[PDB]
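K.L.:
One structure follows; several queries about it will come next.
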Amino acid sequence: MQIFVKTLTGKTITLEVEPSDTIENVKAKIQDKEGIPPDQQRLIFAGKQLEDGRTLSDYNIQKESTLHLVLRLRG
Amino acid sequence: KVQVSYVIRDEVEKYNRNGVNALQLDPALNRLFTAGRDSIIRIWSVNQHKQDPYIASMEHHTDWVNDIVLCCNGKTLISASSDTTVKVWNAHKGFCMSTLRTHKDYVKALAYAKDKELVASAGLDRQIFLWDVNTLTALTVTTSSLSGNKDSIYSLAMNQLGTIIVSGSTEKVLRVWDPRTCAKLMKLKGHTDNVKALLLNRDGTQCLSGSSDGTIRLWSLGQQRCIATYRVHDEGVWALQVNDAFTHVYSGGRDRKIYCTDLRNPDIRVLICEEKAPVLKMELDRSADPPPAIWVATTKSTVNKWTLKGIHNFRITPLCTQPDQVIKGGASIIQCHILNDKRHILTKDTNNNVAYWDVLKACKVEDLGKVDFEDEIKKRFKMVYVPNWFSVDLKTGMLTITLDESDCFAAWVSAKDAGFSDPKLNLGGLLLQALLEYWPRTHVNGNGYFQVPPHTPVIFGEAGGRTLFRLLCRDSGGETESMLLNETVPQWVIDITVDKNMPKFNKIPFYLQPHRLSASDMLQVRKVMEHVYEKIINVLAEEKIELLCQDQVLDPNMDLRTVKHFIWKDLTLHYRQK
Amino acid sequence: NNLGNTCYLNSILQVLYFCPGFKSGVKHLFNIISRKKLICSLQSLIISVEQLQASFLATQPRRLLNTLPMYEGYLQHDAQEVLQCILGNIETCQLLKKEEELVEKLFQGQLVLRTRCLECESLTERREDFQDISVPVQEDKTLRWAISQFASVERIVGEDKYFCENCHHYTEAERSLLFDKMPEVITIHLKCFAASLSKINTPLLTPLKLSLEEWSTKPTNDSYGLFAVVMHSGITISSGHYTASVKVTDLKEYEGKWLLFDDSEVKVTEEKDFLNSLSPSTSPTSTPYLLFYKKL
Ligand SMILES: COc1ncnc(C2CC2)c1-c1ncc2c(n1)n(Cc1ccc(-c3nc(C(F)(F)F)cn3C)cc1)c(=N)n2CC(F)(F)F
Ligand SMILES: *NC[C@H](*)CS(C)(=O)=O
Ligand SMILES: [Zn+2]
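Residue numbers (full-length UniProt numbering), protein chains in the order written: chain A, 1 to 75; chain B, 14 to 152, 158 to 333, 346 to 451, 457 to 480, 503 to 572, 584 to 606, 633 to 663, 667 to 675; chain C, 84 to 120, 145 to 164, 175 to 185, 190 to 211, 213 to 222, 424 to 463, 483 to 538, 549 to 602, 740 to 785.
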């Protein structure tokens, strides 16, 4: 399969995720194509954060799905 | 960043498979050149008396062919393809002569100044190179870059005298240059969507354009403005052709209709017959005035020849109903499935036919016929697990298998599992040994098991980009082929084929508990039974112990790597006596 | 009353308390629990806060903190994270109502995604629910421009090539976003951080009015008035004292005057005076982070 990701600038990045992997593999691919450490990324899909340690079949991600990329701002 | 690949195809491909992208005509010899989405270029004979029209083909590209131009009075042919390569051929014998690889992305445009002998090429990388033909046939040639541009170029045209060149891009703004001085002249705006067809007069005074919006505009190069606008087409126009004296235009697009629109008065309209697929790259027969024929191309593998005789005398009912000359075409593959044991492939093509392919031997063993795909897939179920080590690409309507450095050597299988005649084989290593077999560097004073058929093309390409080489498995023992192979192959292929380096293996931990060990992935549970028996003694091992995983009794032949994948959901086992 | 180590939950609670139709709905959900047997905690805090408003005319926000594997000890966290956590904990309504809507109506909408191959000109439509809009602050100077960048025609070229199954090749496509259902209040999330890890201190001129009809799917005529802003105060992504300012919704002379919830001090400002603070006319220290647009 093929999914899209909206980075910080607003551009779109394409991934071939093979929907049987965990969130850590997706974050690793995002870091490979973006250079952001995987411990500071916050993936958001359908207005709900993607939690680690789970596959993608539970989130029913299919076809072309956009995942919004945001960081974490602490205070 | 280098991937080795090869395709599975028949020795003599005689019919089109995927479609047609460009057309050309040779009135001197009465031949037709068909550069389709399939990588092969064919030379048909357009004589009606030839019941089997076919001449030698030209197979050297690895992807789609976008446009071909017949140069030097039909002696040479220039072809541009999706992979960033522009080649030079010899149309009299159909063999390549040169190659130009100074492009970054796809190439989609190609012009020709007949009275000047120049060729210009444009692509998705937003560059335009001016090439002189006379220095191409005889030969690191020099470059003449003429590109002030900001987005991808989808079509390009040049006038007959080679003094004006116009390009169309996604800005809906046409840019006009000058080949001799490489200067900028005009900036023609006033379009809405992509422009995919440009036609210029012989003297370059007027220009015709057709956009994906669905409108045809007549420009002027003596006055930076548009003159007339026609919207006879409901959908976008993809093809455009004109008469000799800029008096009539033949158009067609996604509408699946072909019109003949007048230019002086756009209220005269005749409807040539409608094709069954979106018409693209329409071609005209210019033997005499008026043109007595027209060749159309579509997204399906068939080329028709409509006849125009009712024009100028017709006084909207279609003029034709059937074509006069038909060229047959084959069937392309639209679906594939890799079986549980990663050797065989089940492919379903158009006209609803399913075939059973092989990968290691690179051949087809059987065709199953008219059966449902889902039931056939469910019937062919095997209780094994072998990690994937290749990929299948369905472009060009044929089977293409790509091997990547990451996971080519990731599949170890037993000797009897592979079917040969205990050795622990490696599928990727055997395939890579079989491919480069005539290479003299691999010899010593697919090695001893099988042999890939000696006509499979071998391609060394970059990661989703230009292909650095293209080789035939049979033609590898020569001089030039060896010279290029010494530098084109990557390192990880050399360390496996040229030198005998054993690729690494895999291990997995598993917890044993009488309700930590490291063992090879393809280890049968038969050995875990023999291990627990011989450690806790106070045929015999087979009969007096049985292992349970998730409360399922384990068969003493299925190995550890499929216990994890099919039964377990680190792995843990339990054992009970008797 | 409010010790300054919980600066995110405090601001989120203060913003949510003034949201339309929130304190009334939560009282109803607890009333259903009241006769059937996080919701019980929220109703307790709302009662306590309303007691103080009578006097003016130790709140202890830690009761929620204890009830809400990422919240251990005295640490620093995000505001949008706790907002999403609270809005996700509020599941409970569905479980209660199954046995026989405060987020699906207040904070919920739908989108439409269109992709168009440039070779075959074939479209494709998908539907995705959105709870907030993440908008680019600045390109690698207007709210409308930022929203347009977020949702308009954008072409995916280069290595990001669309794989069209009608052509079975890697083509080039264009994408678009459309709004189908707009919630009662629409929140905007500003991506202040820059990948370059950094922080941009140049704000955007946030208007006091809005209209979503150019990017909408149906012809509608409704406005959007700003009523709450959450502002950072730091210079990097390591710390910073959150601050929240909320408009008065509906006491005899405070109407139409913005508030300013500083650290354990309530200050009343004016609408004209406040509008000149977060604007880029004068280089500020605080940078807006979230914007809440109540309808009408
Ligand atoms: C956990 O805390 C909260 N959780 C949720 N929500 C809220 C606030 C009200 C949504 C708080 C909260 N946070 C800090 C407060 C606080 N409440 N109060 C009580 C108060 C009393 C009068 C007013 C008021 N209303 C108007 C009106 F009606 F004109 F708009 C004008 N004024 C001044 C506002 C708040 C207060 N004194 N502080 C500062 C100190 F406790 F540190 F001292
Ligand atoms: N970011 C934490 C809240 C503000 S403070 C004063 O604790 O740092
Ligand atoms: Zn397409």
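Using N, Cα and C, we set each Cβ at its ideal position, and we do this for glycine too.
Go to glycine 464 of chain B, then tell me how far its alpha helix (DSSP H) extends in each direction, as first and last residue.
P.N.:
Residues 462–470.
K.L.:
So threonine 554 of chain B and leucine 467 of chain B are supposed to be a Cβ contact under 8 Å. How far apart are they, rounded?
P.N.:
About 6 Å; that satisfies the 8 Å criterion.
K.L.:
Check whether the Cβ atoms of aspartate 455 of chain C and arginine 74 of chain A lie closer than 8 Å to each other.
P.N.:
Against a cut-off of 8 Å, the Cβ pair of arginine 74 of chain A and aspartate 455 of chain C comes out as no contact.
K.L.:
At which residues does the beta strand (DSSP E) containing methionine 204 of chain B begin and terminate?
P.N.:
Unbroken beta strand (DSSP E) run through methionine 204 of chain B: 201–206.
K.L.:
For a contact meaning CB atoms closer than 8 Å, what does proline 459 of chain C contact in chain A?
P.N.:
Simply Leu8, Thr9, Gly10.
K.L.:
Going along chain A in order, which residues have a C-beta closer than 8 Å to the C-beta of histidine 593 of chain C?
P.N.:
Under the 8 Å cutoff, chain A gives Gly75.
K.L.:
Taking DSSP as the reference, what is the three-state secondary structure of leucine 764 of chain C?
P.N.:
Three-state DSSP puts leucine 764 of chain C in a helix.
K.L.:
Which residue or residues does DSSP assign as beta-bridge partners of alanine 596 of chain C?
P.N.:
The partner list for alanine 596 of chain C (beta bridge, DSSP) reads C:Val582, C:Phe750.
K.L.:
I think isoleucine 53 of chain B touches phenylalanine 46 of chain B, with their Cβ atoms under 8 Å apart; what is that distance to the nearest whole Å?
P.N.:
That pair is no contact at about 11 Å.
K.L.:
Looking at the secondary structure, which residues open and close the alpha helix (DSSP H) in which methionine 597 of chain B lies?
P.N.:
Unbroken alpha helix (DSSP H) run through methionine 597 of chain B: 593–603.
K.L.:
For ligand 2, any of its heavy atoms closer than 7 Å to the Cβ of residue 786 of chain C?
P.N.:
Nothing can be reported for residue 786 of chain C: it is not among the residues displayed for chain C, which extend from 84 to 785.
K.L.:
Give me, in chain order, the residues of the same chain whose beta-carbon lies closer than 8 Å to that of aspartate 589 of chain B; leave out the 5 immediate sequence neighbours on both sides.
P.N.:
Result list for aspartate 589 of chain B: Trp442, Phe562, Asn563, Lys564, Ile565, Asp653, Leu654, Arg655, in chain order.
K.L.:
What are the residues in the region 444–459 of chain C lying within 9 Å of chain A by C-beta distance?
P.N.:
Per Cβ criterion, the list reads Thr447, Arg449, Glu451, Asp452, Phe453, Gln454, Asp455, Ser457, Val458, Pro459.
K.L.:
Enumerate in chain order the residues of its own chain whose CB-to-CB distance from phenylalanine 505 of chain C is below 6 Å, with the five nearest sequence positions on each side excluded.
P.N.:
Closer than 6 Å at the Cβ level, and outside the excluded window around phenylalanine 505 of chain C, lie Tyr512.
K.L.:
Got a sec? Which residues, its chain only, sit under 7 Å from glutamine 644 of chain B by beta carbon, not counting five neighbours each side?
P.N.:
Cβ neighbours of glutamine 644 of chain B beyond the five flanking positions: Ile661, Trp662.
K.L.:
Pick helix, strand or coil for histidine 572 of chain B, following the three-state DSSP scheme.
P.N.:
The answer is coil: DSSP assigns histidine 572 of chain B none of H, G, I, E or B.
K.L.:
Terminal residues of the continuous beta strand (DSSP E) containing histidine 478 of chain B?
P.N.:
No beta strand (DSSP E) contains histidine 478 of chain B, which DSSP labels as neither H nor E.
K.L.:
Taking only the alpha-carbon atoms, compute the straight-line gap between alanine 520 of chain B and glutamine 31 of chain A and give it to the nearest angstrom.
P.N.:
Using only the alpha carbons, I get a separation of about 18 Å.
K.L.:
In or out: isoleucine 604 of chain B buried (at least 16 other Cβ within 10 Å) or exposed?
P.N.:
By the neighbour-count rule (16 or more Cβ atoms within 10 Å), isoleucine 604 of chain B is not buried but exposed.
K.L.:
How many angstroms separate the CA atom of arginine 486 of chain C from the CA atom of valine 389 of chain B?
P.N.:
Roughly 56 Å separates the two Cα atoms.
K.L.:
Counting pairs of Cβ atoms below 8 Å between the region 491–498 of chain C and the region 18–25 of chain A, do you hit three or more?
P.N.:
The region 491–498 of chain C vs the region 18–25 of chain A: no contact.
K.L.:
Expressed to the nearest angstrom, what Euclidean distance is found between the alpha-carbon atoms of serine 155 of chain C and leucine 164 of chain C?
P.N.:
Taking the straight line joining both Cα atoms gives about 15 Å.
K.L.:
Along the UniProt repeat "WD 6" (250–289) of chain B, where does the CB come closer than 7 Å to a CB of chain C? Name the residues.
P.N.:
Those would be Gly254, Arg272, in chain order.
K.L.:
Using a Cβ distance threshold of 8 Å, determine whether the region 277–284 of chain B contacts the region 296–305 of chain B, with at least three qualifying pairs required.
P.N.:
No: the two stretches stay apart, fewer than three of their Cβ pairs being nearer than 8 Å.
K.L.:
When burial is assigned at 16 or more other CB atoms within 10 Å of the CB, is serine 18 of chain B buried or exposed?
P.N.:
So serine 18 of chain B ends up on the buried side.
K.L.:
For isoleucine 183 of chain B, which option in B:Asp169, B:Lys168, B:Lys202, B:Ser170 has the closest C-alpha, if you only look at C-alpha atoms?
P.N.:
The shortest C-alpha separation from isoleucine 183 of chain B is found at B:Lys202.
K.L.:
Does the pairing of the region 35–43 of chain B with the region 32–49 of chain A give three or more beta-carbon distances under 8 Å?
P.N.:
No: the two stretches stay apart, fewer than three of their Cβ pairs being nearer than 8 Å.
K.L.:
In chain C, what lies closer than 9 Å to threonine 14 of chain A by C-beta?
P.N.:
By Cβ distance, chain C contributes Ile498, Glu501, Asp502, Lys503, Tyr504, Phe505.
K.L.:
With distance defined between alpha-carbon atoms, name the residue in C:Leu557, C:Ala536, C:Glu759 nearest to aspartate 463 of chain C.
P.N.:
When only C-alpha atoms are compared, the closest one is C:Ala536.
K.L.:
Please name the residue, chosen from C:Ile498, C:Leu208, C:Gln201, that lies closest to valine 70 of chain A on a Cα-to-Cα basis.
P.N.:
For the residues C:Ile498, C:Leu208, C:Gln201, the minimum Cα distance to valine 70 of chain A belongs to C:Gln201.
K.L.:
Only counting runs of 3 or more residues, tell me where the beta strand (DSSP E) segments fall wholly within the UniProt repeat "WD 8" (358–397) of chain B, in order along the chain.
P.N.:
Runs found: 363–368, 374–379, 383–388.
K.L.:
Could you tell me which chain E residues have their CB closer than 7 Å to the CB of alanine 46 of chain A, listed as they occur along the chain?
P.N.:
In the structure shown, chain E cannot be found, because the protein chains are A, B and C.
K.L.:
Kindly list, in the order they appear in chain C, the residues whose Cβ is closer than 8 Å to that of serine 229 of chain B.
P.N.:
Neighbours of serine 229 of chain B on chain C: none; closest Cβ ~12 Å, over 8 Å.
K.L.:
Beta strand (DSSP E) containing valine 422 of chain B: first to last residue?
P.N.:
Run containing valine 422 of chain B: 421–423, per the beta strand (DSSP E) assignment.
K.L.:
To the nearest angstrom, how far is it from the Cα of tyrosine 782 of chain C to the Cα of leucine 50 of chain A?
P.N.:
C-alpha separation (whole angstroms): 26 Å.
K.L.:
Enumerated in chain order, which unbroken segments of the beta strand (DSSP E) with a length of 3 residues or greater are wholly contained in the region 498–531 of chain C?
P.N.:
Counting whole runs of 3 or more residues, the region 498–531 of chain C contains the beta strand (DSSP E) stretches 504–506, 511–513, 515–523.
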